[PDB]
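Enquirer: Below is one structure. I have some questions about it.
There are 2 protein chains.
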Amino acid sequence: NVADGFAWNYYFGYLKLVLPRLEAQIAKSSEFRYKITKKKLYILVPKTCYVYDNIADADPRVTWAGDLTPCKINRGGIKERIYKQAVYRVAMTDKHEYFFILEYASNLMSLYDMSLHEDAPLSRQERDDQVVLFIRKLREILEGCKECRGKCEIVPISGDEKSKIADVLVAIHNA
Amino acid sequence: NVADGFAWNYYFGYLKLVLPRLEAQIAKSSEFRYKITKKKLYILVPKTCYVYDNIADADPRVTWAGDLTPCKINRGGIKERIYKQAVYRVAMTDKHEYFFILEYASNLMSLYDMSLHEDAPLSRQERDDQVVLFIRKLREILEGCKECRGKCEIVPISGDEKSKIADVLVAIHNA
Ligand SMILES: Nc1nc2c(ncn2[C@@H]2O[C@@H]3COP(=O)(O)O[C@H]4[C@@H](O)[C@H](n5cnc6c(N)ncnc65)O[C@@H]4COP(=O)(O)O[C@H]3[C@H]2O)c(=O)[nH]1
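So the sequences go chain by chain: S and A. For what it's worth, full-length UniProt numbering labels the leading residue of the first sequence as 170, then goes sequentially. For what it's worth, full-length UniProt numbering labels the leading residue of the second sequence as 170, then goes sequentially.
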């Protein structure tokens, strides 16, 4: 399944690079080192494959707050390729605010684009199926990785949970 | 074929973002705005799927010279994700000196790591087959894209051609 390649590539090409470094990148963040309590990356996976470039456009309670210190890695001929995470602020009631290291699995944007291309390499139904398999395979990879296990949460978001991202994140935080 | 996903993803997730911006990013570069004469990106594809992080380790004539002006693009929740190309100096026996925007198709590193993993979802022999299909599919995709067609070159490199990277680049430049 094409989902298998996307899951393995998100692991080897991103999570395996950034997750073993995650606590150190947080410790270097003067703004966020003490505002992020659980040192974990939250990865949104939309079942619809609808990735939002600004997560506040999906749920306005989830607003971009800042960058973590970027990783700089020599990779594929690029000296000091920049790997950058985002911190989002979540406020559900007026009583508590939360700061999450948060992003979409952005390679899924290519699955969306594939299903729209003129030659139709992927139907919309096939795309939905592959997102399900992507979640399953990525979780299986992470569960077997000693360097990455426990440092990230895969968060599937259904189409009718678009405006509920804040609720889901705060619930998981309070597990 | 898993190679189809890698080809579509390298196109939609990278080339379609950076190639329309490449001319402006070359023009903004203080070091290379005049040294890069043809405004295009050369993509190395190793048939072995073995990517060198320093291309000079394969062909000593091809040395890292600097960064191009990086693109900043909001992407999947990341504000101003950084997309950076690399410029390589190529020095031949004629004493002629060239500067190329050059990189590996870096998602192929994941395909290599897949073939080596304890739970390898593909064999080393299937990896070879998949790199061939990646080249073919990426060519077909780029074939049909007006904004990207003239702005990049796919450069397959076999194991016994590692030390001939400079020859191929300079030959294509003089096509
Ligand atoms: N939040 C975040 N995610 C990243 C970053 N870099 C990669 N990722 C994610 O891992 C996927 C695979 O990365 P790859 O490096 O192994 O292949 C990359 C790589 O081959 C190329 N590419 C993307 N950004 C690049 C860049 N800045 N430089 C060189 N190549 C780049 O496009 C491919 C797919 O990009 P993508 O955004 O769709 O998917 C990424 C992306 O979801 C990053 O810096 N920040």
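For each residue, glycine too, the CB sits at the ideal point set by N, CA and C.
1. Given that A:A260 touches chain S, what residues does it touch there, using C-beta distances under 9 Å?
2. S:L338 lies in the alpha helix (DSSP H); which residues open and close that run?
3. Using a Cβ-Cβ cut-off of 8 Å (strictly less than) and excluding sequence neighbours within five positions of S:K216, which residues of its own chain qualify?
4. Compute the minimum distance between the beta carbon of S:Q254 and the heavy atoms of ligand 1, and state whether it is under 7 Å.
5. Taking 7 Å as the cut-off, does the CB of A:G182 come closer than this to any heavy atom belonging to ligand 1?
6. Out of S:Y180, S:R202, S:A193, S:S292, point me to the one whose CA is closest to S:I310's CA.
7. Comparing C-alpha positions only, which one of S:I212, S:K264, S:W233, S:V259 sits nearest to S:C321?
8. Beta-carbon separation of A:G182 and S:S279 under 8 Å?
9. Ligand 1 heavy atoms versus the CB of S:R250: any closer than 7 Å?
10. Per the DSSP calculation, S:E322 is bridged to which residue(s)?
11. Kindly give me the distance between the Cβ atoms of S:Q254 and S:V187, rounded to whole angstroms, as I take these residues to be in contact under 8 Å.
12. For the structure I just gave you, are there three or more beta carbon pairs, one from the segment 257-271 of chain S and one from the segment 202-209 of chain S, closer than 8 Å?
13. So if I threshold CB-CB distances at 9 Å, which residues from the segment 197-229 of chain A count as touching chain S?
14. Give the interface partners of S:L271 over in chain A, defined as CB-CB distance under 9 Å, in chain order.
15. Could you check how far apart the C-beta atoms of A:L237 and A:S275 are, in whole angstroms? I think they sit under 8 Å.
16. Which residues of chain S have a Cβ atom closer than 7 Å to the Cβ of A:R305, listed in chain order?
17. For S:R318, collect the residues of the same chain with a Cβ closer than 8 Å to its Cβ; drop the 5 residues on either side in sequence, then sort them by chain order.
18. Select from S:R250, S:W233, S:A234 the residue whose C-alpha is nearest the C-alpha of S:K241.
19. Do A:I224 and A:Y257 have their CB atoms nearer than 8 Å?
20. For A:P189, I'd like the list of residues in its chain whose CB is within less than 6 Å of its CB, leaving aside the five on either flank, ordered along the chain.
21. Pick helix, strand or coil for S:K306, following the three-state DSSP scheme.
22. Does ligand 1 have even one heavy atom less than 7 Å from the beta-carbon of A:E272?
23. For the alpha helix (DSSP H) containing A:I195, list its first residue and its last residue.
24. What residue range does the alpha helix (DSSP H) around A:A176 cover?
25. Run the proximity test for S:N223: is its beta-carbon closer than 7 Å to any non-hydrogen atom belonging to ligand 1?
26. Quick check: does the Cβ of A:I247 come within less than 7 Å of any heavy atom belonging to ligand 1?
27. At the level of alpha carbons, what is the spacing between S:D288 and A:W177?
28. Excluding the 5 residues preceding and the 5 following S:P239 in the sequence, name in chain order all residues of the same chain whose CB lies nearer than 7 Å to its CB.
29. Could you tell me whether the Cβ atoms of S:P229 and A:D173 are closer together than 8 Å?
30. Measuring only from the beta carbon, is S:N276 closer than 7 Å to any heavy atom that is part of ligand 1?
31. Leaving aside the five residues before and after S:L191 along the sequence, list all residues of the same chain whose C-beta is less than 7 Å from its C-beta, in chain order.
32. Flag A:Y219 as yes when its Cβ comes closer than 7 Å to any non-hydrogen atom of ligand 3, and as no otherwise.
33. What does S:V231 pair with, by DSSP beta-bridge criteria?
Expert: Judging by the given coordinates:
1. Scanning chain S for C-beta atoms nearer than 9 Å to the C-beta of A:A260 yields nothing, as the closest lies near 17 Å away.
2. Taken as a continuous stretch (DSSP letters only), the alpha helix (DSSP H) holding S:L338 covers 334-342.
3. Answer for S:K216: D297, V300, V301, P325, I326, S327, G328, listed in chain order.
4. Yes - ligand 1 has a heavy atom lying nearer than 7 Å to the Cβ of S:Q254.
5. Checking the Cβ of A:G182 against ligand 1 gives yes.
6. For S:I310, the nearest C-alpha among the options comes from S:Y180.
7. That would be S:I212, whose Cα lies nearest to the Cα of S:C321.
8. Yes, the pair counts as a contact, with Cβ atoms nearer than the cut-off.
9. Relative to ligand 1, the nearest heavy atom lies less than 7 Å away from the CB of S:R250.
10. S:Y211.
11. Confirmed, Cβ separation roughly 7 Å.
12. Touching, yes.
13. Listed in sequence order: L213, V220, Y221, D222, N223, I224.
14. Going along chain A in sequence order, the residues near S:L271 (Cβ under 9 Å) are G246.
15. About 16 Å separates the Cβ atoms of A:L237 and A:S275, ruling out a contact at the 8 Å cut-off.
16. What A:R305 touches in chain S: nothing, since even the nearest Cβ is about 14 Å away.
17. Closer than 8 Å at Cβ, skipping near neighbours: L311, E312.
18. The shortest Cα separation from S:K241 among S:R250, S:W233, S:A234 belongs to S:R250.
19. Closer than 8 Å, so yes.
20. Within the same chain, A:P189 has close Cβ partners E316.
21. In the structure shown, S:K306 sits in a helix (DSSP, three-state: H, G or I).
22. Relative to ligand 1, the nearest heavy atom lies less than 7 Å away from the CB of A:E272.
23. Looking at the DSSP string, the run of the alpha helix (DSSP H) that includes A:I195 is 185-197.
24. Boundaries of the alpha helix (DSSP H) around A:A176: 171-179.
25. No; taking the cut-off as 7 Å, the Cβ of S:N223 has no heavy atom of ligand 1 nearer than that.
26. Of the heavy atoms belonging to ligand 1, at least one sits nearer than 7 Å to the Cβ of A:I247.
27. Here the C-alpha atom of S:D288 lies approximately 12 Å from the C-alpha atom of A:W177.
28. Contacts found: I251, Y252, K253.
29. Not in contact: S:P229 and A:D173 (Cβ atoms no closer than 8 Å).
30. Yes, ligand 1 has a heavy atom inside 7 Å of this Cβ.
31. Contacts found: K208, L210, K320.
32. Among the ligands present in this structure, namely ligand 1, ligand 3 is not found.
33. DSSP lists S:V259 as partners of S:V231.
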